[PDB]
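See structure below.
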Amino acid sequence: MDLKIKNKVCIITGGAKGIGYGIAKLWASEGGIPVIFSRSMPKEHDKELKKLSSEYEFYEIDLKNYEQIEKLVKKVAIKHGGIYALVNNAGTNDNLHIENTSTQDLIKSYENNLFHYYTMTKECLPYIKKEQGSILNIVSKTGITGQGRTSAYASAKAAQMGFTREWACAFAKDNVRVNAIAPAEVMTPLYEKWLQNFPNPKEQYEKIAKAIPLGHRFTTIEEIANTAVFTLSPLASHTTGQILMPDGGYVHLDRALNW
Amino acid sequence: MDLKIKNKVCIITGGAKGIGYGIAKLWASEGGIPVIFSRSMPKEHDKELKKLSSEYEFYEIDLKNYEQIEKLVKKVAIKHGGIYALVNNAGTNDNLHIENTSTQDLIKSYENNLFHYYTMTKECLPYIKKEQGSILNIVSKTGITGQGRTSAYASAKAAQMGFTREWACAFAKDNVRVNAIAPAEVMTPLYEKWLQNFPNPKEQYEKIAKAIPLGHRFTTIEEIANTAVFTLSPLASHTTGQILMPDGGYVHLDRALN
Amino acid sequence: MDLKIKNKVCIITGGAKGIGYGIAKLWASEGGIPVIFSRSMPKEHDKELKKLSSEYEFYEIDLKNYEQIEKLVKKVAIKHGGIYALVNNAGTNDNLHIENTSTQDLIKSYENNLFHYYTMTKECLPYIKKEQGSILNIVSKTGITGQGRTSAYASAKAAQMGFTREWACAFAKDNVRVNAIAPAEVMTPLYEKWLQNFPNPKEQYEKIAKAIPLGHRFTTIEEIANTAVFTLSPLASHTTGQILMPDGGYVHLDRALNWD
Amino acid sequence: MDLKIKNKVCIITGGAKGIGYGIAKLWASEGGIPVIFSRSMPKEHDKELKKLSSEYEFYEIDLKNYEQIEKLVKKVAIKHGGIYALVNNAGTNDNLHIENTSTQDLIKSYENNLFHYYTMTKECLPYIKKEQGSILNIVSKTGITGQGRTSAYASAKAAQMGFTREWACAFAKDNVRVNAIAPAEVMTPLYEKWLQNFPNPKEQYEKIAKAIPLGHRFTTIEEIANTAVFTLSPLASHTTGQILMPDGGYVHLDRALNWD
Ligand SMILES: NC(=O)c1ccc[n+]([C@@H]2O[C@H](COP(=O)([O-])OP(=O)(O)OC[C@H]3O[C@@H](n4cnc5c(N)ncnc54)[C@H](OP(=O)(O)O)[C@@H]3O)[C@@H](O)[C@H]2O)c1
Ligand SMILES: NC(=O)c1ccc[n+]([C@@H]2O[C@H](COP(=O)([O-])OP(=O)(O)OC[C@H]3O[C@@H](n4cnc5c(N)ncnc54)[C@H](OP(=O)(O)O)[C@@H]3O)[C@@H](O)[C@H]2O)c1
Ligand SMILES: NC(=O)c1ccc[n+]([C@@H]2O[C@H](COP(=O)([O-])OP(=O)(O)OC[C@H]3O[C@@H](n4cnc5c(N)ncnc54)[C@H](OP(=O)(O)O)[C@@H]3O)[C@@H](O)[C@H]2O)c1
Ligand SMILES: NC(=O)c1ccc[n+]([C@@H]2O[C@H](COP(=O)([O-])OP(=O)(O)OC[C@H]3O[C@@H](n4cnc5c(N)ncnc54)[C@H](OP(=O)(O)O)[C@@H]3O)[C@@H](O)[C@H]2O)c1
Ligand SMILES: [Mg+2]
Ligand SMILES: [Mg+2]
Ligand SMILES: [Mg+2]
Ligand SMILES: [Mg+2]
């Protein structure tokens, strides 16, 4: 399947690790040019990405400092000539529960998780409308299902769903598609490092994984990436406003399902 | 139908006008005790709520100053002895489009529209858990459907839908119900006045209303209030995590309906 | 709260037991007139309903014989002068799994569970349109979430959700509201008797109920009926096309939700 | 992007024309072997699929005669050695409105549109379980949003959404994925001929198409096929229970959206 993204430029926030890095590698393997906005870039990931795409660039930035975004996006546009797509992906489930988290710390969380989805989109939109491209927001099942001990993250992810539908409305006229991916549980090195923090790592993974209908296993990075990159590409050219769930049946299948 | 809310205390933010005021009246006429947090209270609304409920109170506050909330919720709880329910309703569709609104102005909208939903709920939760009460977030169609030129309002309303599900999860163990109402188009005095600014106020109303399948007309305040007050009451004792749409079919029915 | 349904006629299929009966009692208790279409009517239920409404009627019918519905609906209309509302409620989870149920037996399931939602609505529509009334479909969580061993019941319940949206579209211009209620687990006498057949009825109840976030307990019949009758009443006069879930958080809340 | 479907066998019902034929061509173009169950096969299509896959086969069947399905599916499994995927696609919007369609004609519509989704899945399941493959139901926007003059089609497509969730629950343990595609308006040669019968076919097209936010234009067959074949493929190996909308924003975007 020819995704027709060769030499198309995609900025991926938090594209240095985990899900965002999976999306970047697949974008690169398919001939697109990925540009990573993230706090740091592991040297080995930088090497793999350069090997995949000679035009790849890393821009070091903490996106809580959203005033830096206009200057950085402008550089990207000058260096490469335009921007086709944006993946808003940088975020952290910081498990801030309402009963013990101040409103001030909620706002701090929105700085780390939410505001730059707006700012990145705002500054990329001039260029993405030119190329009739794509915006993709990585949200989370928690914005839909809740979880119970993570008010700051749940509302930020739901807000990003609202942004998805709002921007799909705003730029349908422009042939710019806006979609979101809501993963449930995706195995990343950070996740594995968080499980290994447990007295019984296997038991703890099993507690989570047994609630996932398709295989009692976490979604892989590659599985999120495949759906993300397909959705970004011209091959999804009538898909917009979609909250997509490659999630093993987590959100939609009977909660009592077991085997 | 006996709603079983005689003397139950409900705080209603933005409850001085429009939708929230309709909820306060109904809450009161069914025997509940409404407590209004809002920027100001029209004299005539203050007189009407006092006739409906001798224990009703108005607390003047701009909820962008969310640090005032802890003190005010503690006062309510000391005066009446507790709090059964909270309606987070204060908000403004401020039509802030992403392409011409700064990120600083996005955050100012969230001060006006979003953060106090969290803070109000935070400070009421100890009392509402005590009474195994109800929290109701008034959200908006736009958080689900989008609109096109109101990025700050759509994300905030969608965020409030996430709060609704998150809190329903957090407090199911406590027998606290958390739901939302997503109105589409609701006729208020202030909506009527915005329409009246138009050279042709009727044409502008009809332009909007024709999109509404059930009757080509706006939802009334009473219609939002009936569903809100029923949903808050003990008669909806197994309803939680719901986003309710008393919206004339706006969100769900074929867009091409005519 | 005044629901404004005094002397309004509502036909409730399967109104003789379970959820439908709880809906019939509340309708009558709030001043409405319930008309029950069901296979049989327990004597003690006929007595309670008669005490709640002097004009309540029972019509004995098995709704797989959908050709009988036109004549039955016509007699109701002549007797009472009209019909304000219809509750399509009669149905059975027959646990017909695709891998060992024939297509023929799927169709028989639809005769029992599905076709009469259409025929009842068809024959009631002329009267409900005259009174700008209300149609309510009792569906199921399984139509949305699936279950795994009940193909016939899940597709029938999902079909009824499509009927709900389609008829809400069709009759919005007539000011006829059409909605649905999707219960999850509702404690009925038949549910309790089903549980009492297990080696350990309490432990089987708790196995099912543990998955219900709000109170680890079944929804009650009253809880369903309250949301039903409110939604039918003129007080929900801008509510249509809705699939309502008074279900304890079953459909929408995080599947991993866990509290002791 | 390597879909990893080389030599995988997919049966596509109604795959002779329109959406199903676009899915068949792309399946073959990506190395899969398509098998079409349909009423008839245009010569020009049989030639194009034969050119694309030397193992492609057509089986003439009117899927209302669902008893024929077992023998046909068994023939496919012997000939090709197995079946990896099934696309349930055959169907017709017959615009049967409740107020002038009998229950008997509703049931006839289900024979044309619904029952064979069940029978095809039932008979294909042993083979698809063996290959841990995929089932894809083509449904319709109308099963979600209603339309207003087509009760039989809206309920059938909603029932297929129920089947999608129910089968996804039933076979997750077997690593069998079950999803659905809900198109809104898709331009097919048959849709174009239908538009051409109008006094002003361009005006009628634009009346329908102006409600589609993304581009004021119908979805293409290619657009449906691409999402279909990706979702069927092993590259969507954690996607199940999904109702997917490649529909230009038809279902989810603000009904009042208006530009130019
Ligand atoms: N993994 C899951 O199970 C799961 C489930 C649902 C949703 N998600 C979503 O997936 C997205 C990516 O998460 P992940 O699981 O891939 O986590 P991850 O492995 O920690 O990767 C996140 C990346 O984003 C970067 N980042 C985060 N916040 C940033 C900020 N304010 N400025 C700059 N860089 C930032 C991180 O940088 P450093 O680590 O170097 O600071 C890291 O490179 C998130 O939006 C999350 O909501 C993940
Ligand atoms: N009306 C509709 O068609 C519609 C549609 C969808 C959603 N909604 C939702 O309904 C809710 C109420 O809207 P409405 O139409 O009833 O508006 P409204 O008639 O203008 O009333 C809003 C009330 O909230 C108050 N308020 C707003 N922000 C506040 C703040 N930061 N602090 C204190 N008070 C504040 C206003 O006070 P002042 O005016 O005195 O400042 C006013 O009393 C909103 O959350 C909105 O999202 C309404
Ligand atoms: N209870 C739950 O947990 C639950 C959960 C989700 C959805 N629901 C839905 O709620 C509705 C009512 O179920 P329920 O739990 O109240 O069941 P129930 O206690 O068995 O009551 C059903 C009533 O409907 C009657 N009935 C069923 N099929 C009929 C037919 N073809 N013709 C005439 N009468 C018929 C039954 O009569 P006989 O018993 O005399 O045959 C019985 O009186 C059903 O549509 C079901 O799908 C229930
Ligand atoms: N096109 C749209 O705008 C649209 C929108 C939403 C959903 N859909 C869905 O997409 C699917 C395909 O429709 P389409 O638009 O591609 O229609 P189409 O162009 O008419 O193609 C339908 C194909 O299926 C065949 N077929 C239908 N019923 C059959 C039966 N009982 N037995 C055997 N073959 C049968 C037809 O055969 P003959 O024509 O030779 O009889 C034809 O080859 C349908 O399930 C429909 O619900 C389409
Ligand atoms: Mg920085
Ligand atoms: Mg103040
Ligand atoms: Mg009979
Ligand atoms: Mg045949």
Side-chain angles (χ1 to χ4, degrees), chain A residues 66-67 69-70 96-104 106-107 110-111 114-123 125-126 129 139-174 178 240-241 243, chain B residues 66-67 69-70 96-107 110-111 114-123 125-126 129 139-173 178 240-241 243:
Chain A
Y66 54 80
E67 85 281 351
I69 279 164
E70 171 173 51
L96 303 182
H97 176 51
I98 178 177
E99 281 180 300
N100 60 42
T101 316
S102 66
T103 303
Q104 294 73 6
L106 171 75
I107 296 164
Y110 286 169
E111 295 177 359
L114 172 60
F115 296 159
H116 54 80
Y117 275 49
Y118 178 91
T119 317
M120 288 290 316
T121 302
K122 179 182 176 54
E123 295 301 331
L125 266 161
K129 290 158 80 202
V139 295
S140 171
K141 56 135 173 46
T142 307
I144 298 140
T145 63
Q147 180 272 302
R149 264 239 166 212
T150 188
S151 276
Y153 179 76
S155 54
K157 298 283 123 176
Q160 295 164 355
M161 291 177 217
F163 278 145
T164 299
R165 293 272 168 78
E166 167 72 11
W167 300 339
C169 289
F171 313 112
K173 86 189 168 255
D174 299 314
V178 187
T240 185
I243 315 305
Chain B
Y66 58 79
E67 80 284 337
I69 283 166
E70 171 165 337
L96 298 183
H97 178 46
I98 174 156
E99 289 184 293
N100 51 69
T101 316
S102 75
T103 300
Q104 290 73 6
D105 277 354
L106 175 83
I107 299 169
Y110 287 167
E111 296 173 2
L114 176 58
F115 298 157
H116 54 81
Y117 273 51
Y118 174 94
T119 315
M120 286 293 304
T121 308
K122 183 180 169 59
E123 297 302 327
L125 265 165
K129 289 160 88 201
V139 296
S140 168
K141 90 202 148 285
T142 303
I144 293 144
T145 71
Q147 188 156 266
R149 284 243 162 170
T150 194
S151 275
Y153 178 76
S155 52
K157 294 294 147 169
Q160 299 167 351
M161 291 188 314
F163 279 141
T164 295
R165 295 266 161 82
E166 166 72 8
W167 298 340
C169 283
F171 311 116
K173 77 207 188 297
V178 186
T240 189
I243 314 303

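Quick note: numbers below take in every heavy atom, side chains included, and nothing from hydrogens, waters or symmetry partners. A, B, ... follow the sequence lines: proteins, then strands. Residue 1 opens every chain.
- Taking both residues in full, the closest heavy atoms of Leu125(B) and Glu99(A) are given as CD1-CG, 4.3 Å, listed atom of the first, atom of the second, then distance.
- For the set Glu67(A), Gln104(A), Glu123(A), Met161(A), the entry with the most heavy-atom pairs within less than 4.5 Å of chain B is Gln104(A).
- Residues that satisfy the ring-ring contact (aromatic ring centres under 6.0 Å, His included) test with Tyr153(B), not counting sequence neighbours, are absent from this structure.
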**Request:** Verify side-chain contact (heavy atoms from CB on, under 4.5 Å) between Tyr66(A) and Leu106(B), making sure each step is shown before the conclusion.
**Result:** CA-CA 12 Å; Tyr66(A) 54 80; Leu106(B) 175 83; over 6 Å; no

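- Heavy atoms closer than 4.5 Å to chain B are found in both the backbone and the side chain of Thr103(A).
- For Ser151(B), the side-chain contact (heavy atoms from CB on, under 4.5 Å) partners two or more places apart in sequence, or in a different chain, are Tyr118(A), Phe163(A), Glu166(A), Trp167(A), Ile98(B).
- Contacts between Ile243(A) and chain B at a heavy-atom distance below 4.5 Å are absent for every atom of the residue.
- Taking chain A as the reference chain and counting heavy-atom pairs below 4.5 Å, the highest number among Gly148(B), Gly143(B), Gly162(B) is found for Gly148(B).
- Of the two parts of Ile69(A), neither the backbone nor the side chain holds a non-hydrogen atom closer than 4.5 Å to a non-hydrogen atom of chain B.
- Taking chain A as the reference chain and counting heavy-atom pairs below 4.5 Å, the highest number among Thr121(B), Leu114(B), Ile144(B) is found for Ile144(B).
- For the set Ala154(B), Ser155(B), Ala170(B), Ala172(B), the count of heavy-atom pairs under 4.5 angstrom toward chain A peaks at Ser155(B).
- Between chain A and the residues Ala159(B), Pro126(B), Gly146(B), the most heavy-atom pairs under 4.5 angstrom are made by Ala159(B).
- Interface remark: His116(A) contributes no atoms to any contact with chain B (heavy atom separation under 4.5 Å).
- Interface remark: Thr101(A) contributes backbone and side-chain atoms alike to the contact with chain B (heavy atom separation under 4.5 Å).
- Using a 4.5 Å cut-off between heavy atoms, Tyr110(A) contacts chain B through its side chain alone, with no backbone atom that close.
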